[PDB]
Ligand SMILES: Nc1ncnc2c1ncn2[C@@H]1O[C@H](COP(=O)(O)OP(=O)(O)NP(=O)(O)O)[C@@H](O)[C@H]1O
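Presented as structure tokens, the chain that follows is alone, the form solved without the ligand.
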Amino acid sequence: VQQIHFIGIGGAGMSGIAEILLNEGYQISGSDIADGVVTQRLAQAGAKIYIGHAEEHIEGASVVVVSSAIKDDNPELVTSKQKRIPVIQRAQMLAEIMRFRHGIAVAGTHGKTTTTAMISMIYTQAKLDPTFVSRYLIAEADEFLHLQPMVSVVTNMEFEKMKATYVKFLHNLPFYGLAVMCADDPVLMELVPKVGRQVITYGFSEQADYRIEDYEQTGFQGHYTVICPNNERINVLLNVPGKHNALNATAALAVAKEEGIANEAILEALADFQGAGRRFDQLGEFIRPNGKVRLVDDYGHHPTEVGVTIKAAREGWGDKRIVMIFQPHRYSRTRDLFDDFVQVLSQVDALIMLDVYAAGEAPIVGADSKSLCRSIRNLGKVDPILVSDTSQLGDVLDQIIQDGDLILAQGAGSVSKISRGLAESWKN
């Protein structure tokens, strides 16, 4: 079979598999209602894509792949059945693509994305040129039973039907396959006996095949040792915070060694593994007249993320004073999550509030920075300072600084444009 037809090829989920099949050598065709980044891309790679579903669009295809985004009624779908042509779903196709390939499947409730990245970062440095979503295929497995990987990670499980679902999911490993599981999860460990494949554990746990000890988090970096199964030590430097990432890079490390990669690569990848965006970006330490301070840039603009960042920093040092500069993004948001903002932002030591970055929005009474500030002042955990003319920031700051202050420039508006200008000044 030589021509494959995708109905609605620009939907995510499809382009990807389509591109894979395309590089494999198949002929590819499909259709969609909109011509955009995706279709133009596949298109220049050699696909034939129509715009609009039309019954003549099937000619030549041997199989036709469709999404659940496509509906019972589609002329292409409909016509295909009539013409015999095997119609298969995105899922089955993805499974197929795995069958003759060496795929690693990252599953669990938490950590899937980061682990997946951590593994790819690793295989890449290893010069393995893996494919991610050569012959290696790194993929995120989200709660699926179709995937036919050769390695499968389950980071954690946090009902009996769910339990059964995972068991079904691991069962798809080959007899010689590997399951890498978190030793620190009882649910998991309770499932081991039922697995029926080789099992590698990683964790802080007493009994971990790959054990983590003396982990310590310095600033937004993590420091720790891992004990491979033969009792050989590896001192890890992880460029992101929290034990939880230690856990995910250890699923990664675990998966990596056991396919034979040099510790050098493993370590290099992680050393240089960012959170995929603007998180904990340290702009520099600066000696000001009132002290030496670290100035860090963070994109968190929703009470939750804002929370993680503060907790991270707290654990980061342990005595440092956190002085944060926050710029609420959008009036809508501040209105909707006001009380939540008051709470989180009262978790720091000194707070300077910038005016809301409107992003397009017209101001909303009582959802602005004076409004937050007052509400915060009423809580009495922290007495905020409001700075509407950013031109003044550096000066207000220099007056409240204290030796060894961490300064978080927090938000997503022009806040990072502002903090950078603040470094430039200070640099001068």
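Residue numbers here begin at 1 and follow the sequence given.
One more form of this protein exists, namely the form deposited with the ligand bound; it is left out here, but the text below deals with it.
*Asks:* Taking the pose of the ligand in the deposited complex and superposing the surrounding C-alphas, is this site open or blocked by backbone or C-beta atoms within 2.4 Å of 3 or more ligand atoms?
*Replies:* Placed partner leaves the pocket open.
*Asks:* Go through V199, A265, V308, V167 and name the one with a heavy atom inside 4.5 Å of the ligand in the deposited complex.
*Replies:* Flagged contact: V308.
*Asks:* Looking at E259, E140, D349, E96 here, can you tell me which has any non-hydrogen atom within 4.5 angstroms of the ligand in the deposited complex?
*Replies:* Filtering the options by heavy-atom distance leaves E140.
*Asks:* Name the stretch, out of 340-348, 227-235, 266-274, 105-113, where some heavy atom lies within 4.5 Å of the ligand in the deposited complex.
*Replies:* Among the listed stretches, the partner-contacting one is 105-113.
*Asks:* Determine whether any heavy atom of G222 comes within 4.5 Å of a heavy atom of the ligand in the deposited complex, and answer yes or no.
*Replies:* It does not: once the ligand is placed as it appears in the deposited complex, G222 has no heavy atom within 4.5 Å of it.
*Asks:* So, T334 and the ligand: in the deposited complex, are they within 4.5 Å at any heavy atom pair?
*Replies:* Because no heavy atom of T334 falls inside 4.5 Å of the ligand in the deposited complex, the answer is no.
*Asks:* Would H244 show up as a contact with the ligand in the deposited complex if we use heavy atoms at 4.5 Å?
*Replies:* Because a heavy atom of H244 falls inside 4.5 Å of the ligand in the deposited complex, the answer is yes.
*Asks:* Would you classify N156 as touching the ligand in the deposited complex, given a 4.5 Å non-hydrogen atom cut-off?
*Replies:* Yes - in the deposited complex, heavy atoms of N156 and the ligand come within 4.5 Å of each other.
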